[PDB]
Amino acid sequence: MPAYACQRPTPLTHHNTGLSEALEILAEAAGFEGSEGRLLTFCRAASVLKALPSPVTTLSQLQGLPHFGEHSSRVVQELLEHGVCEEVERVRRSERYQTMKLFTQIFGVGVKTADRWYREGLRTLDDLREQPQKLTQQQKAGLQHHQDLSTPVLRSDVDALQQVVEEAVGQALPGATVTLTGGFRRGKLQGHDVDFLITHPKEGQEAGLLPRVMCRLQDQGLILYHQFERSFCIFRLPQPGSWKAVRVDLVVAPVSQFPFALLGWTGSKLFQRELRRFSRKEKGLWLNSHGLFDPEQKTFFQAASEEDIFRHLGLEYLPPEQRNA
DNA sequence: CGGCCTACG
DNA sequence: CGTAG
DNA sequence: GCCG
Ligand SMILES: [Mg+2]
Ligand code: NA
Ligand code: NA
């Protein structure tokens with residue numbers, strides 16, 4: 001088992017779901033307390049279990065696995081022996097965890113805002129609604145739409161959204177293309193938002209594209225909220241006899257950068273953090289969603305595909321459905 | 001012990 | 001500060 | 001919290 005998540009296939013479904021879920025609760029709780037290091041370790045340990053070929057049945061099977069030390073091993077041991085881990089259950093039922101989870105789920109609210117509200121004594125969404133001047137426009141939209149945004153987006157919803165995005169993109173710039181990214185590109189059947197990447201085969205033609213796309217979607221009445229190359233939107237999606245709000249992200253990249261942007265926006269989040277960590281620490285190359293830089297030659301790698309990027313970094317290629325770290 | 005991804009709005 | 005994978 |  002290699003130590004970086006980008007060095008191993010991780011499928012969407014696996015053989016250690018309960019164990020990974022428990023470690024991810026502790027990762028989430030670490031993040032609510034501002035402990036990014038502990039968050040990363042628990043995320044990585046969870047991800048190692050997702051990559052195993054069969055269920056962990058005995059504590060012995062953790063020996064040698066990366067990111068399993070005393071703490072993560074104890075969590076697993078308690079789950080194997082008793083079916084529950086006391087620490088995990090204490091987190092789950094804690095007022096702090098539940099409220100921080102509720103507040104940070106709001107579009108426009110991060111850990112720092114949620115924590116301040118928590119320390120002020122706020123606990124529920126209606127608490128927030130009763131003092132609306134205390135909220136940004138973005139937070140107001142996130143609160144108004146919170147119920148719809150909590151409802152899973154289905155793959156059927158995604159196909160409908162992609163056609164309407166393509167129509168606006170085609171008027172904004174004939175020849176521009178729309179690619180589904182994020183979790184749905186990794187094979188998820190549901191999700192909490194839809195991610196699209198837009199480019200044009202003629203380098204430079206994509207300049208100024210996103211405003212033109214946004215104005216066209218808004219003129220079609222489809223945009224419930226929007227605030228450039230990244231747009232974080234709430235879209236009106238038709239439903240039987242009505243509609244629902246859906247989070248949609250639209251990103252533009254020049255075709256020279258498209259493989260990097262595709263790689264970055266396909267995720268998973270942990271996969272990409274691990275890939276960038278691997279690039280820099282193991283290969284001395286600096287990776288982002290725009291390119292891959294050699295800081296000794298002061299040159300950027302040209303890539304025509306995701307396959308090119310994995311080759312550059314000396315990694316076996318993983319298709320999107322094996323990037324579910 | 002230092003490090004923990006790296007951007008854009 | 002928020003957002004994204 | 002863990003790795004190197
Ligand atoms: Mg997504
Ligand atoms: Na949020
Ligand atoms: Na998104």
Side-chain angles (χ1 to χ4, degrees), chain A residues 1-6 23 26-27 29-31 33-48 62 64-69 71-75 87 103-117 135-136 138-142 179-186 188 191-197 210-211 214 225 228-234 247-253 257 260-282 285-293 306 320 323-325:
Chain A
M1 181 66 76
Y4 289 86
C6 55
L23 292 163
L26 299 184
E33 302 318 308
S35 314
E36 193 76 2
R38 292 183 352 111
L39 174 150
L40 272 173
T41 281
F42 286 129
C43 286
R44 289 163 179 170
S47 189
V48 161
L62 301 180
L65 294 181
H67 309 291
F68 276 86
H71 197 147
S72 301
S73 297
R74 193 244 303 146
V75 172
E87 183 184 6
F103 285 174
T104 59
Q105 283 174 160
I106 306 170
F107 181 69
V109 178
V111 171
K112 288 185 182 96
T113 300
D115 174 70
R116 185 165 50 73
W117 288 345
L135 311 164
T136 62
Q138 185 180 48
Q139 285 166 358
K140 289 184 185 183
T179 301
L180 176 65
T181 69
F184 288 106
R185 182 172 182 245
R186 305 199 307 277
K188 290 190 74 188
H192 292 313
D193 53 82
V194 191
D195 305 292
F196 292 112
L197 177 60
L210 201 44
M214 291 311 307
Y225 166 90
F228 46 104
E229 61 204 52
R230 303 176 179 185
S231 285
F232 316 121
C233 311
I234 303 173
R247 277 274 300 104
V248 179
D249 295 329
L250 304 178
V251 187
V252 172
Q257 297 179 11
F260 301 97
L262 184 62
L263 181 62
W265 280 86
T266 293
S268 72
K269 172 174 168 175
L270 179 62
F271 188 96
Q272 295 297 315
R273 293 171 80 153
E274 293 276 287
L275 187 63
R276 294 171 184 198
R277 190 171 63 99
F278 178 87
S279 182
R280 172 183 284 270
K281 302 297 180 184
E282 304 304 328
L285 306 177
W286 301 348
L287 178 69
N288 67 18
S289 75
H290 304 315
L292 178 63
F293 185 68
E306 298 182 308
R323 305 182 200 158
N324 285 294

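Just so it is clear: chains get the letters A, B, ... in the order the sequence lines come, proteins before strands, and each one is counted from 1.
A:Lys112 has its NZ atom 10 Å from the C1' atom of C:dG2, to the nearest Å. Distance CD (A:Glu36) to P (B:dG3): 16 Å, rounded to an integer number of Å. A:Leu285 places its CG atom 15 Å from the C1' atom of B:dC5, with the value rounded to the nearest Å. Rounded to whole Å, atom P of B:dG9 lies 8 Å from atom CG of A:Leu210. Rounded to whole Å, atom P of B:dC4 lies 14 Å from atom NE2 of A:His67. We find that OH of A:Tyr4 is positioned 12 Å from P of D:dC3, with the value rounded to whole Å. Per the geometry, CD1 belonging to A:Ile234 stands 13 Å off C1' belonging to C:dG2, to the nearest Å. Nucleotide B:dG3 holds its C1' atom 9 Å from the CZ atom of A:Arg277, rounded to whole Å.
Residues A:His71 and A:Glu87 share a closest heavy-atom pair of NE2-OE1, 2.8 Å. Pairing each heavy atom of A:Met1 with each of A:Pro66, the nearest pair is CG-CD, 3.6 Å. Taking every heavy atom of both residues into account, A:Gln139 and A:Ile106 meet most closely at O-CG2, 4.3 Å.
Contact annotation for A:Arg186: backbone-only contact, meaning every heavy-atom pair under 4.0 Å involves sugar-phosphate atoms and none involves a base. Looking at heavy-atom distances under 4.0 Å, A:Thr266 makes contact with sugar-phosphate atoms alone, never a base. A:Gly37 comes within 4.0 angstrom of a base, heavy atoms only. If you check every strand for non-hydrogen atoms under 4.0 Å, A:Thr113 touches sugar and phosphate atoms only. In this structure, A:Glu229 reaches the sugar-phosphate backbone alone: every heavy-atom distance under 4.0 Å involves primed, P, OP1 or OP2 atoms, never a base. Among the heavy atoms of the strands, none lies under 4.0 Å from A:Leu263. If you check every strand for non-hydrogen atoms under 4.0 Å, A:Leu250 touches nothing. Counting non-hydrogen atoms under 4.0 angstrom, A:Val251 reaches nothing in the nucleic acid. Base contact: A:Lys269 has a heavy atom under 4.0 Å from a base atom.
To the nearest 0.5 Å, atom CZ of residue A:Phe42 and atom CG of residue A:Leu26 are 5.0 Å apart.
Looking at the side chain of A:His71, the nearest of the listed nucleotides D:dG1, B:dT6, C:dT3 is D:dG1. Comparing D:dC2, C:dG2, B:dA7 by their nearest atom to the side chain of A:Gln138 picks out C:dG2. Candidate nucleotides B:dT6, D:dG1, C:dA4 were compared by shortest atom distance to the side chain of A:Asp249, and C:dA4 ranks first.
Under 4.0 angstrom from either OP1 or OP2 of B:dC5 there lies at least one side-chain N or O belonging to A:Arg273. The shortest distance between the side-chain N/O atoms of A:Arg247 and the OP1/OP2 oxygens of C:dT3 is not below 4.0 Å. For the OP1/OP2 pair of B:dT6 and a distance below 4.0 Å, the side-chain nitrogens and oxygens of A:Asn288 include no atom meeting the criterion. Between A:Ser289 and the phosphate of C:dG5, there is no side-chain N or O to OP1/OP2 separation shorter than 4.0 Å. Phosphate proximity of B:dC8 to A:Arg230: absent, as no side-chain N or O sits under 4.0 Å from OP1 or OP2. Not one side-chain nitrogen or oxygen of A:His290 sits closer than 4.0 Å to the OP1 or OP2 atom of B:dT6. One finds no side-chain N or O of A:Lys281 lying less than 4.0 angstrom from the OP1 or OP2 phosphate oxygen of B:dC5. In this model, the phosphate group of B:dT6 is approached by a side-chain N or O of A:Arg280 to a distance below 4.0 Å at OP1 or OP2.
Here the two rings, on A:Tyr225 and A:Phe107, have centers that are under 6.0 Å apart.
Ring geometry, A:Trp286 versus A:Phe293: the interplanar angle falls from 30° to 60°, so the pair is classed tilted.
In summary, A:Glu33 and A:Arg38 do not engage in a salt bridge, as defined by a charged side-chain N under 4.0 Å from a carboxylate O.
Here the separation of B:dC5 from D:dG4, taken at their P atoms, is 15 Å to the nearest Å.
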